[PDB]
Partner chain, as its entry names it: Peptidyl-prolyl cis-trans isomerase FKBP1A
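Take a look at this single chain, the form solved without the partner chain, given in structure tokens.
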């Protein structure tokens, strides 16, 4: 494993901890959610993000953050605001961006020198 992969796996584990029912663990199918493929054209989930880390597909934390944001945005686009999926996506997007904030990454950059 590489230092980037270890850091991204840590961020992903902490993010997955906020989803105990595993709503974001797997891709959303049309059988589970009707007309999903018709509304969401750029699907994303924690499993796809895990596979990208393992394959060393992320060049930076910004790229990882972009996939996480896409996943939350998709859930907030497809699902109405009063659903468990929209509510969890909004909660984890905020919590995730504070964990991977420019402030926290600058503090990590300073500890790398």
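Positions refer to the first chain, counted from 1.
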| Should the higher mean CA B-factor in the entry be assigned to 32 to 40 or to 70 to 78? | 32 to 40
| Mean CA B-factor: is it higher for 46 to 54 or for 82 to 90? | 46 to 54
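Absent from the display: the form deposited with the partner chain bound. The rest refers to it.
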| query | Taking the shortest heavy atom distance, is residue 78 within 4.5 Å of the partner chain in the deposited bound form? | reply | yes
| query | Is residue 69 one of the residues lying within 4.5 Å of the partner chain in the deposited bound form, judged by heavy atom distances? | reply | no
